[PDB]
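S.K.: I have a structure I would like to understand better, so I am pasting it below and will then ask my questions one at a time.
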Amino acid sequence: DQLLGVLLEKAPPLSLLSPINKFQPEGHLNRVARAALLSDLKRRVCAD
Amino acid sequence: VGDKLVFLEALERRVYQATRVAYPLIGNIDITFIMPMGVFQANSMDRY
Amino acid sequence: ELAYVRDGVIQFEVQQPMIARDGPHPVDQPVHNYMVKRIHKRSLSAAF
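Chains as they are written, first to last, in the deposited numbering: chain V, 194 to 241; chain X, 387 to 434; chain D, 98 to 145.
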């Protein structure tokens with residue numbers, strides 16, 4: 194059941210990331226905006 | 387409940403018998419700690 | 098009639114089947130266990 198764990202291995206963290214990709218229609222932002230979004234995501238993950 | 391209807395059954399008491407194999411889907415966090423020496427008072431602000 | 102009958106025997110069985118669907122447990126070897134039955138006698142006393 195788990196000896197051949199090729200198909201039974203999928204743990205993508207998306208619960209805290211789904212809104213951040215749903216809000217953006219395209220996501221083509223600048224470097225400052227990308228860095229701010231990354232810092233906000235890191236802070237949210239730390240304070241979860 | 388609410389507006390959702392998802393099948394839910396007690397598979398813990400029927401699969402793995404709760405005593406044969408370890409429970410799957412177990413995470414791990416590898417964090418590290420740093421302890422800086424610190425800094426001293428500039429001229430006076432060290433006590434009250 | 099149980100007074101004239103001594104201690105009997107118990108029915109214990111073990112199974113060593115194959116292994117084909119579960120978590121990745123380490124490979125082991127079939128082993129057997131030995132058990133004994135030691136029951137003492139306890140009784141109080143009374144008099145008039």
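Even for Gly, the Cβ is constructed at its ideal location relative to N, Cα and C.
Between residue 120 of chain D and chain X, is there a C-beta pair that is closer than 9 Å?
M.R.: yes
S.K.: Do you know how far the Cα of residue 394 of chain X is from the Cα of residue 196 of chain V?
M.R.: Cα to Cα, the separation comes out at about 26 Å.
S.K.: In the DSSP assignment, find the alpha helix (DSSP H) that holds residue 238 of chain V and state where it starts and stops.
M.R.: From DSSP, the alpha helix (DSSP H) with residue 238 of chain V extends over 224-239.
S.K.: Do residue 407 of chain X and residue 146 of chain D come within 9 Å of each other at the CB atom, strictly closer than that value?
M.R.: The structure shown does not extend to residue 146 of chain D, since chain D spans only 98 to 145, so no value can be given for it.
S.K.: Which stretch, first to last residue, makes up the alpha helix (DSSP H) that contains residue 134 of chain D?
M.R.: Note, residue 134 of chain D: premise wrong, no alpha helix (DSSP H); not H, not E.
S.K.: Please confirm whether residue 107 of chain D and residue 134 of chain D have their CB atoms less than 9 Å apart.
M.R.: yes
S.K.: Assuming the contact rule is C-beta atoms closer than 8 Å, residue 118 of chain D and residue 194 of chain V should be a hit. Round their C-beta distance to whole Å, please.
M.R.: The beta-carbon distance between residue 118 of chain D and residue 194 of chain V, rounded to whole angstroms, is 4 Å. This is short enough to meet the 8 Å contact definition.
S.K.: When you compare the CB positions of residue 230 of chain V and residue 213 of chain V, do they come within less than 9 Å of one another, or not?
M.R.: yes
S.K.: Against chain D, does residue 196 of chain V count as a neighbour if the rule is that its beta carbon must be under 9 Å from one of theirs?
M.R.: yes
S.K.: What three-state label does DSSP hand residue 142 of chain D in the structure shown?
M.R.: coil
S.K.: Is residue 414 of chain X helix, strand or coil by DSSP?
M.R.: Three-state result, residue 414 of chain X: coil.
S.K.: Taking 9 Å as the threshold (beta carbon to beta carbon), is residue 408 of chain X in contact with chain D?
M.R.: By the rule that beta-carbons nearer than 9 Å mark a contact, residue 408 of chain X touches chain D.
S.K.: Based on Cα-Cα distance, which residue from V/225, V/226, V/198 lies nearest to residue 122 of chain D?
M.R.: V/198
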